[PDB]
Amino acid sequence: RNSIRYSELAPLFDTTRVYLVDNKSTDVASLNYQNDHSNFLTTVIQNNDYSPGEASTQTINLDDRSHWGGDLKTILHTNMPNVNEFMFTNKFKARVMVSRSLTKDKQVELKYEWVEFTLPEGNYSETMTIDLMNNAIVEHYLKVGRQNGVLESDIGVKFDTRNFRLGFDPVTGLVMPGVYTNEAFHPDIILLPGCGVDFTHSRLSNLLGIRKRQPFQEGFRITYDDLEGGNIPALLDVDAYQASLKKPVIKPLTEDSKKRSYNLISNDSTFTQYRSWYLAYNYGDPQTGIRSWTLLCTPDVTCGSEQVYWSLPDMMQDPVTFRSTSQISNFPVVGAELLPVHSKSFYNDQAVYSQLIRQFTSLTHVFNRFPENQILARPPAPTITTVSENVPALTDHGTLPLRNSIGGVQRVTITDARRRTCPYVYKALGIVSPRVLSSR
Amino acid sequence: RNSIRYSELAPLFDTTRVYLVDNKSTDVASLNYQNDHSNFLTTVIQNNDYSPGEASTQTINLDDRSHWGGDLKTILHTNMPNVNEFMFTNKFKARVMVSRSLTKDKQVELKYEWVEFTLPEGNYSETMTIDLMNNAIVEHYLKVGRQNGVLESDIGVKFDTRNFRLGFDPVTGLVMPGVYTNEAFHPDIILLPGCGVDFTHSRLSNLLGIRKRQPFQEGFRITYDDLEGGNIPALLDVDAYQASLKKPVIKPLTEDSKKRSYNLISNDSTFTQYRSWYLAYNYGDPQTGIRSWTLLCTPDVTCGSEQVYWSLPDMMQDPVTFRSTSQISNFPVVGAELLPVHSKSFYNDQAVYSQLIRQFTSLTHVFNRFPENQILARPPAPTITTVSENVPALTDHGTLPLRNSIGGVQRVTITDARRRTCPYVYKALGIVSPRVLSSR
Amino acid sequence: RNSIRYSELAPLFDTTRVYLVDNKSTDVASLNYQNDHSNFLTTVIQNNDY
Amino acid sequence: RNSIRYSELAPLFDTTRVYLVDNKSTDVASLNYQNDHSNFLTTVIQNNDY
Amino acid sequence: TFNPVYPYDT
Amino acid sequence: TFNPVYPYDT
Amino acid sequence: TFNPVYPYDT
């Protein structure tokens with residue numbers, strides 16, 4: 001009526017457990033080899049005698065007269081890096097200045113080009129991720145920039161995280177303090193005329209916390225031109241003003257120590273040519289600015305909760321509309337689950353008291369190369385850093401229909417959103433508990 | 001129809017609870033003794049009269065006319081060390097230099113050999129675990145190295161955690177800062193010509209966060225030869241260059257205070273003979289380098305979520321294909337569960353501001369013995385340390401079939417992946433609640 | 001009595017799973033576009049042809 | 001009474017057609033090779049997957 | 001005329 | 001007669 | 001000619 005028979009052993013009734021597990025010493029040796037914990041074979045047999053493979057011949061038979069089903073809970077555990085190549089978090093296109101030249105007697109010829117910089121897999125934490133990006137902009141300048149004109153003064157594109165506009169005085173037209181108040185509010189990207197960044201093929205966008213208000217329109221390009229209204233205002237010549245006590249004030253600090261120009265639009269304007277995203281969003285025209293088509297969001301280092309799909313092709317019936325095949329990247333799905341990664345949050349009031357000390361701690365100002373320029377400076381570390389953290393996930397799918405004849409060797413397969421094994425799985429295993437559902 | 005009888009007590013119906021518990025004062029005295037919380041006996045009787053053992057005679061009878069089953073939830077609690085012998089996290093083979101000699105008139109005879117260093121069980125935290133490893137490399141040099149030639153200058157194998165390549169200038173061919181930027185990115189292992197490490201029999205690999213892209217091929221050996229492309233570049237002679245203001249620059253600092261050689265390949269090259277894994281992974285040939293067969297992963301101190309299997313040989317029916325036996329290491333399994341250990345993550349911006357202070361805090365530079373050599377230095381402590389932490393696990397297995405005659409003494413057994421009691425269990429106990437499933 | 005039929009595929013019984021998901025490469029292209037993850041369309045079909 | 005079943009596809013009734021043909025791109029590659037149009041193998045399956 | 005792009009002073 | 005509204009001294 | 005392998009100075 002509801003048996004469960006196996007080769008030659010006492011028949012069992014009503015229910016039991018078949019175990020899908022990678023570890024088994026025997027099968028690892030033989031079976032999987034060129035496989036990994038995301039696409040492997042395993043014997044469900046569990047009987048000490050019998051050579052695996054020869055096991056493959058045997059079968060667990062759930063009484064034929066009834067349609068069976070089984071509860072499938074699984075234990076999935078990864079250890080995927082915040083920033084890696086497979087997830088698309090190690091690359092990102094941006095347009096920078098390539099050459100600054102003296103041409104055809106009087107012309108200033110500026111040549112800009114798009115280029116894709118890559119990051120060294122792993123390096124978690126958001127802030128640091130920013131830094132690694134800024135550094136990659138530089139590392140490039142080091143291989144092309146300088147040796148083709150282009151000064152530091154005109155480095156296009158830099159990810160910062162502050163509100164260049166806190167000091168700002170509605171009359172002066174300047175950041176009175178003479179310094180862009182060094183506190184971190186949200187990541188944003190700053191651009192110089194003519195350049196900009198593109199994330200079309202990268203989840204890092206999600207790390208900065210900047211998304212399109214219309215996601216499905218593939219094409220994340222944020223040009224200098226887009227950051228309308230909201231160019232970082234200029235600094236008051238704190239020195240002049242004070243010593244001068246008319247009043248100098250109108251004097252908007254044009255350079256800095258080591259004399260770098262703050263590219264001011266004209267000898268008059270209080271504004272600089274440096275455009276900030278964060279500004280355009282909440283300080284620019286809400287109806288036509290950038291706030292119109294992009295959204296200011298919480299960072300999230302994981303870069304985006306993605307899901308993984310399970311499949312047990314040789315043991316569960318194929319769900320409603322999937323068709324059975326043998327193409328690993330199209331197997332039927334039997335369970336979906338978010339990919340095991342969380343955002344742990346910490347507190348480091350030590351940030352920026354630490355950037356200050358961190359710089360001495362790290363024997364180099366590698367990230368802060370321009371410790372004077374109020375722009376190109378090293379963005380403030382925000383209190384509350386986030387870090388992707390891997391965690392085992394004791395998930396639980398529902399009862400799923402089973403085949404009344406379970407093969408000795410079952411194939412287990414965890415796929416990702418785009419349907420492809422996921423290299424970062426360290427442990428995957430599931431427990432199935434069959435039971436009756438109705439009869440034929 | 002569905003009774004539940006016991007010796008001479010009123011019959012009970014429909015369900016109840018039998019308790020599997022180690023603590024009981026009586027049985028501990030008699031029964032278990034030479035056993036432990038992972039393989040013990042216990043009386044299910046729970047009746048104050050009756051000498052245990054004499055209890056063993058009695059039996060709980062679930063009505064014969066029906067096939068019963070019972071819900072089995074358990075409470076498991078361990079306290080296993082991050083690094084211990086049983087889990088294979090206290091040893092690890094590496095190949096180091098044994099002797100440096102002056103031979104047969106003009107020959108420089110270098111003799112290398114493999115050797116297995118061990119760690120002192122317990123010592124959690126990842127960073128510190130690294131240190132303990134580096135220290136073991138040293139401790140060995142202290143017993144063989146020096147007293148056979150081999151200088152410190154040529155110590156093969158050292159686990160570090162930084163990106164020897166941040167300063168790097170695409171033209172100079174040197175790390176301009178004159179210092180390998182002291183910030184921690186990911187663990188990696190550095191090697192000198194001729195040596196290397198092997199983890200074939202160790203989970204520490206998983207601690208460093210370096211795995212094979214093809215796990216089942218038993219054999220984790222990472223030779224110097226493998227770390228192709230990606231030898232730690234050399235340092236700019238910061239002193240020369242500056243004082244000299246042609247420009248010295250090409251000058252790649254050959255030694256350091258206390259004069260140790262940075263083994264530069266030749267009087268010309270800007271590269272040193274020191275090869276870094278982390279470099280090869282993201283800075284070397286992606287198609288043939290190491291990134292081809294190894295994967296950069298998140299650390300994880302636990303060294304690898306492993307599972308444990310339960311078994312109640314004398315109380316549950318043997319699941320589908322297991323056969324009943326009396327060999328403790330083959331009992332049938334009735335429930336699987338991950339071994340109770342998590343990765344708690346913390347923030348210590350105090351790292352490297354602390355290594356700096358930690359060294360004065362610890363009255364010795366035991367781990368930093370070579371505070372000058374930019375390589376052999378003490379790796380930076382990474383912000384965000386991880387620590388294996390034991391936690392009670394209130395798990396829940398499903399309803400499992402029961403025998404209609406439950407013995408007075410049941411045997412409980414928690415096994416591990418390889419099937420062997422697990423010494424680190426402090427508390428294990430379960431509650432079973434039988435109930436009808438169908439009739440005969 | 002309790003079937004679950006689809007176009008022309010073996011009938012399934014008692015239960016199964018239909019998946020509502022935004023990600024699908026095909027539908028994103030066509031269907032949603034001017035929509036967002038809070039108001040979107042998705043095919044429940046899951047059959048590679050069609 | 002008179003079905004015609006296949007793996008997992010809707011059952012068909014009364015009749016249909018199985019095709020024996022050499023040309024198929026897949027099988028020629030694998031199967032026949034050392035054979036010729038007078039002694040060959042061919043899959044009757046005709047299902048694109050598999 | 002070579003920019004090391006690094007503030008050696010401090 | 002302009003208040004910068006900022007304590008420049010300290 | 002004995003290396004204590006320890007920077008006693010600092």
# chains A, B, ... in the order shown; residues from 1 in each chain; ligands from 1
call {"tool": "residues_around", "arguments": {"residues": "residue G:9", "least_positions_apart": "3", "cutoff": "12 Å", "atoms": "only C-alpha atoms", "output": "number ranges by chain"}}
result
B: 257-258, 364-365, 369-372; G: 5-6
call {"tool": "interface_residues", "arguments": {"of": "chain C", "to": "chain D", "cutoff": "8 Å", "atoms": "only C-alpha atoms", "output": "VMD selection string"}}
result
chain C and resid 8 to 11
call {"tool": "write_last_selection", "arguments": {"atoms": "N, CA and C atoms", "output": "mmCIF file, in the first residue's frame"}}
result
data_model
loop_
_atom_site.group_PDB
_atom_site.id
_atom_site.type_symbol
_atom_site.label_atom_id
_atom_site.label_comp_id
_atom_site.auth_asym_id
_atom_site.auth_seq_id
_atom_site.Cartn_x
_atom_site.Cartn_y
_atom_site.Cartn_z
ATOM 1 N N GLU C 8 1.620 20.813 -23.466
ATOM 2 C CA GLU C 8 1.783 19.433 -23.807
ATOM 3 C C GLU C 8 3.006 18.875 -23.106
ATOM 4 N N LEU C 9 2.815 18.497 -21.852
ATOM 5 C CA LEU C 9 3.855 17.877 -21.043
ATOM 6 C C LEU C 9 3.113 16.889 -20.174
ATOM 7 N N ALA C 10 3.836 15.919 -19.639
ATOM 8 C CA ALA C 10 3.201 14.932 -18.786
ATOM 9 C C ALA C 10 2.441 15.632 -17.668
ATOM 10 N N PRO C 11 1.257 15.126 -17.325
ATOM 11 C CA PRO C 11 0.523 15.782 -16.250
ATOM 12 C C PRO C 11 1.225 15.507 -14.930
#
call {"tool": "calpha_fit_and_write", "arguments": {"fixed": "chain D", "moving": "chain C", "output": "short mmCIF file (atom, residue, chain, number, x, y, z; two decimals) with N, CA and C atoms, in the first residue's frame"}}
result
data_model
loop_
_atom_site.label_atom_id
_atom_site.label_comp_id
_atom_site.auth_asym_id
_atom_site.auth_seq_id
_atom_site.Cartn_x
_atom_site.Cartn_y
_atom_site.Cartn_z
N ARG C 1 -5.58 2.34 -23.04
CA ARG C 1 -6.15 1.37 -24.04
C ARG C 1 -5.27 1.27 -25.31
N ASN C 2 -4.74 2.42 -25.73
CA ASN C 2 -3.95 2.55 -26.95
C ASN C 2 -3.08 3.80 -26.89
N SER C 3 -2.43 4.03 -25.77
CA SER C 3 -1.58 5.20 -25.63
C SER C 3 -0.27 5.07 -26.38
N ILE C 4 0.60 6.05 -26.19
CA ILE C 4 1.93 6.09 -26.80
C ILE C 4 2.62 7.09 -25.93
N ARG C 5 3.40 6.60 -24.98
CA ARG C 5 4.06 7.46 -24.03
C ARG C 5 5.54 7.65 -24.26
N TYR C 6 6.04 8.80 -23.82
CA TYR C 6 7.46 9.12 -23.94
C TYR C 6 7.93 9.86 -22.70
N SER C 7 9.10 9.47 -22.19
CA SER C 7 9.68 10.10 -20.99
C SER C 7 8.61 10.87 -20.27
N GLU C 8 8.74 12.18 -20.31
CA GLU C 8 7.79 13.03 -19.66
C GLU C 8 7.26 14.06 -20.64
N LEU C 9 6.29 13.64 -21.42
CA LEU C 9 5.61 14.51 -22.38
C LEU C 9 4.18 14.02 -22.38
N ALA C 10 3.27 14.86 -22.84
CA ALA C 10 1.87 14.47 -22.88
C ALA C 10 1.73 13.16 -23.64
N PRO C 11 0.86 12.27 -23.16
CA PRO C 11 0.71 11.01 -23.88
C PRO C 11 0.00 11.27 -25.19
N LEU C 12 0.34 10.50 -26.22
CA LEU C 12 -0.28 10.63 -27.53
C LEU C 12 -1.09 9.40 -27.78
N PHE C 13 -2.14 9.53 -28.59
CA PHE C 13 -2.98 8.38 -28.85
C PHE C 13 -3.23 8.02 -30.29
N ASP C 14 -3.41 6.72 -30.49
CA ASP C 14 -3.75 6.15 -31.78
C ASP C 14 -2.71 6.03 -32.84
N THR C 15 -1.78 6.96 -32.90
CA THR C 15 -0.75 6.87 -33.92
C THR C 15 0.13 8.10 -33.93
N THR C 16 1.22 8.01 -34.68
CA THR C 16 2.15 9.11 -34.77
C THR C 16 3.25 8.70 -35.71
N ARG C 17 4.42 9.31 -35.60
CA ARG C 17 5.50 8.95 -36.51
C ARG C 17 6.87 8.97 -35.90
N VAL C 18 7.62 7.90 -36.12
CA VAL C 18 8.98 7.84 -35.62
C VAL C 18 9.78 7.93 -36.89
N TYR C 19 10.86 8.69 -36.88
CA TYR C 19 11.62 8.81 -38.11
C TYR C 19 13.02 8.21 -38.07
N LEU C 20 13.31 7.37 -39.05
CA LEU C 20 14.63 6.77 -39.14
C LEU C 20 15.36 7.57 -40.19
N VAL C 21 16.39 8.30 -39.78
CA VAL C 21 17.14 9.12 -40.73
C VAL C 21 18.62 9.23 -40.41
N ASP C 22 19.47 9.11 -41.43
CA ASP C 22 20.93 9.19 -41.27
C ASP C 22 21.51 10.59 -41.03
N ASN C 23 21.09 11.54 -41.85
CA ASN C 23 21.51 12.94 -41.81
C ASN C 23 21.76 13.65 -40.49
N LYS C 24 20.84 13.51 -39.53
CA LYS C 24 20.96 14.19 -38.22
C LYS C 24 22.40 14.62 -37.90
N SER C 25 22.61 15.90 -37.60
CA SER C 25 23.96 16.39 -37.33
C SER C 25 24.66 15.77 -36.11
N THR C 26 23.91 15.63 -35.03
CA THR C 26 24.44 15.09 -33.77
C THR C 26 25.00 13.67 -33.81
N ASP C 27 24.14 12.73 -34.19
CA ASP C 27 24.47 11.31 -34.26
C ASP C 27 25.61 10.96 -35.24
N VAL C 28 25.64 11.63 -36.38
CA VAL C 28 26.69 11.41 -37.37
C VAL C 28 28.02 11.63 -36.68
N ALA C 29 28.11 12.75 -35.98
CA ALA C 29 29.31 13.11 -35.23
C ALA C 29 29.70 11.94 -34.33
N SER C 30 28.86 11.65 -33.34
CA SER C 30 29.12 10.57 -32.41
C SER C 30 28.93 9.17 -33.00
N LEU C 31 27.73 8.64 -32.87
CA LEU C 31 27.37 7.30 -33.33
C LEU C 31 28.09 6.69 -34.54
N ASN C 32 27.45 6.75 -35.72
CA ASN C 32 28.06 6.20 -36.92
C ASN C 32 29.33 6.98 -37.10
N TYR C 33 30.26 6.42 -37.85
CA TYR C 33 31.51 7.09 -38.09
C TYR C 33 32.13 6.12 -39.00
N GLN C 34 32.40 4.95 -38.45
CA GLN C 34 33.01 3.90 -39.22
C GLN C 34 31.94 3.15 -40.01
N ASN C 35 30.73 3.70 -40.03
CA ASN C 35 29.63 3.07 -40.76
C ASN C 35 29.37 3.80 -42.07
N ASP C 36 28.32 3.39 -42.79
CA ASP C 36 27.95 4.02 -44.06
C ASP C 36 26.44 3.92 -44.26
N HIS C 37 25.91 4.61 -45.26
CA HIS C 37 24.47 4.60 -45.50
C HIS C 37 23.91 3.24 -45.89
N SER C 38 24.10 2.25 -45.06
CA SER C 38 23.60 0.94 -45.41
C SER C 38 23.75 0.12 -44.18
N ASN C 39 24.28 0.75 -43.16
CA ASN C 39 24.46 0.09 -41.91
C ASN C 39 24.81 1.20 -40.97
N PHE C 40 23.79 1.82 -40.38
CA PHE C 40 24.05 2.93 -39.48
C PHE C 40 23.12 2.97 -38.31
N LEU C 41 23.45 3.83 -37.36
CA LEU C 41 22.62 3.98 -36.19
C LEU C 41 21.98 5.33 -36.32
N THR C 42 20.90 5.54 -35.60
CA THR C 42 20.23 6.82 -35.65
C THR C 42 19.36 6.90 -34.41
N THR C 43 19.16 8.09 -33.89
CA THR C 43 18.34 8.23 -32.71
C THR C 43 16.94 8.48 -33.22
N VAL C 44 15.96 7.84 -32.61
CA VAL C 44 14.61 8.05 -33.04
C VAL C 44 14.03 9.15 -32.20
N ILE C 45 14.72 9.46 -31.11
CA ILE C 45 14.30 10.48 -30.18
C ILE C 45 13.82 11.80 -30.76
N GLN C 46 14.62 12.46 -31.58
CA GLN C 46 14.17 13.74 -32.14
C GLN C 46 13.88 14.84 -31.11
N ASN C 47 14.40 14.73 -29.89
CA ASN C 47 14.19 15.79 -28.90
C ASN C 47 15.49 16.54 -28.75
N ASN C 48 15.44 17.82 -29.10
CA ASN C 48 16.58 18.70 -29.06
C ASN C 48 17.48 18.65 -27.82
N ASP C 49 16.93 18.45 -26.62
CA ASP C 49 17.79 18.36 -25.43
C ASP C 49 18.33 16.95 -25.46
N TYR C 50 19.00 16.53 -24.40
CA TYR C 50 19.52 15.16 -24.35
C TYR C 50 20.61 14.78 -25.36
#
call {"tool": "calpha_fit_and_write", "arguments": {"fixed": "chain G", "moving": "chain F", "output": "compact mmCIF listing (two decimals) with C-alpha atoms, in the first residue's frame"}}
result
# COMPACT_ATOMS: atom_id res chain seq x y z
CA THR F 1 78.60 33.78 16.07
CA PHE F 2 75.19 33.10 17.66
CA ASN F 3 71.99 34.55 16.19
CA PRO F 4 69.43 35.01 19.04
CA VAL F 5 67.08 36.01 16.24
CA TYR F 6 65.57 38.82 18.25
CA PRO F 7 65.98 42.60 17.86
CA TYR F 8 67.02 43.44 21.47
CA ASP F 9 67.58 47.06 20.35
CA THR F 10 63.88 48.20 20.28
call {"tool": "residues_around", "arguments": {"residues": "residue A:100", "least_positions_apart": "3", "cutoff": "12 Å", "atoms": "only C-alpha atoms", "output": "list in words"}}
result
residues 96, 97, 103, 107, 108, 109, 110, 111, 112, 144, 145, 146, 147, 148, 149, 150, 151, 152, 153, 154 and 155 of chain A
call {"tool": "write_last_selection", "arguments": {"atoms": "C-alpha atoms", "output": "PDB file, in the first residue's frame"}}
result
ATOM      1  CA  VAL A  96      39.525  59.537 -17.617  1.00  0.00           C
ATOM      2  CA  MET A  97      41.878  62.014 -19.174  1.00  0.00           C
ATOM      3  CA  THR A 103      48.959  71.984 -29.995  1.00  0.00           C
ATOM      4  CA  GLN A 107      45.182  75.100 -28.878  1.00  0.00           C
ATOM      5  CA  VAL A 108      44.948  73.142 -25.592  1.00  0.00           C
ATOM      6  CA  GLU A 109      44.167  69.619 -26.762  1.00  0.00           C
ATOM      7  CA  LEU A 110      42.445  67.403 -24.198  1.00  0.00           C
ATOM      8  CA  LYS A 111      42.012  63.753 -25.104  1.00  0.00           C
ATOM      9  CA  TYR A 112      39.728  61.595 -22.956  1.00  0.00           C
ATOM     10  CA  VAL A 144      49.442  56.793 -18.969  1.00  0.00           C
ATOM     11  CA  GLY A 145      48.410  60.084 -17.457  1.00  0.00           C
ATOM     12  CA  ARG A 146      51.549  61.935 -16.419  1.00  0.00           C
ATOM     13  CA  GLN A 147      53.589  60.586 -19.287  1.00  0.00           C
ATOM     14  CA  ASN A 148      51.324  62.373 -21.728  1.00  0.00           C
ATOM     15  CA  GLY A 149      50.825  65.740 -20.113  1.00  0.00           C
ATOM     16  CA  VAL A 150      47.838  65.644 -17.785  1.00  0.00           C
ATOM     17  CA  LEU A 151      48.696  66.903 -14.303  1.00  0.00           C
ATOM     18  CA  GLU A 152      47.269  65.692 -11.033  1.00  0.00           C
ATOM     19  CA  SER A 153      45.344  68.967 -10.943  1.00  0.00           C
ATOM     20  CA  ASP A 154      43.163  67.582 -13.701  1.00  0.00           C
ATOM     21  CA  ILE A 155      42.535  63.962 -12.667  1.00  0.00           C
TER      22      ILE A 155
END
call {"tool": "residues_around", "arguments": {"residues": "residue B:351", "least_positions_apart": "3", "cutoff": "10 Å", "atoms": "only C-alpha atoms", "output": "list in words"}}
result
residues 358 and 361 of chain A; 183, 184, 347, 348, 354, 355, 356, 357, 358, 380, 381, 382, 383, 384 and 385 of chain B
call {"tool": "interface_residues", "arguments": {"of": "chain A", "to": "chain D", "cutoff": "10 Å", "atoms": "only C-alpha atoms", "output": "VMD selection string"}}
result
chain A and resid 317 to 318 323 to 327 330
call {"tool": "write_last_selection", "arguments": {"atoms": "N, CA, C and O atoms", "output": "short mmCIF file (atom, residue, chain, number, x, y, z; two decimals), in the first residue's frame"}}
result
data_model
loop_
_atom_site.label_atom_id
_atom_site.label_comp_id
_atom_site.auth_asym_id
_atom_site.auth_seq_id
_atom_site.Cartn_x
_atom_site.Cartn_y
_atom_site.Cartn_z
N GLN A 317 10.48 15.12 -9.28
CA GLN A 317 9.79 15.22 -10.55
C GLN A 317 10.01 16.65 -10.99
O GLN A 317 10.20 17.54 -10.18
N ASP A 318 9.97 16.86 -12.29
CA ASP A 318 10.22 18.18 -12.80
C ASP A 318 9.04 19.11 -12.67
O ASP A 318 8.03 18.96 -13.35
N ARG A 323 11.16 21.38 -18.35
CA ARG A 323 11.20 20.16 -19.11
C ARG A 323 12.51 19.53 -18.72
O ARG A 323 13.48 20.23 -18.41
N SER A 324 12.53 18.20 -18.70
CA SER A 324 13.72 17.46 -18.32
C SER A 324 14.74 17.48 -19.42
O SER A 324 14.42 17.29 -20.59
N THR A 325 15.98 17.72 -19.04
CA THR A 325 17.06 17.74 -20.00
C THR A 325 18.31 17.22 -19.34
O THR A 325 18.27 16.75 -18.21
N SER A 326 19.43 17.33 -20.04
CA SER A 326 20.71 16.85 -19.52
C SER A 326 21.74 17.96 -19.59
O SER A 326 22.93 17.74 -19.39
N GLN A 327 21.26 19.16 -19.87
CA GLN A 327 22.11 20.31 -19.97
C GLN A 327 22.23 20.99 -18.59
O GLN A 327 21.40 21.80 -18.20
N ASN A 330 20.29 23.95 -17.27
CA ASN A 330 18.86 24.07 -17.55
C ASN A 330 18.06 23.04 -16.78
O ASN A 330 16.84 22.92 -16.96
#
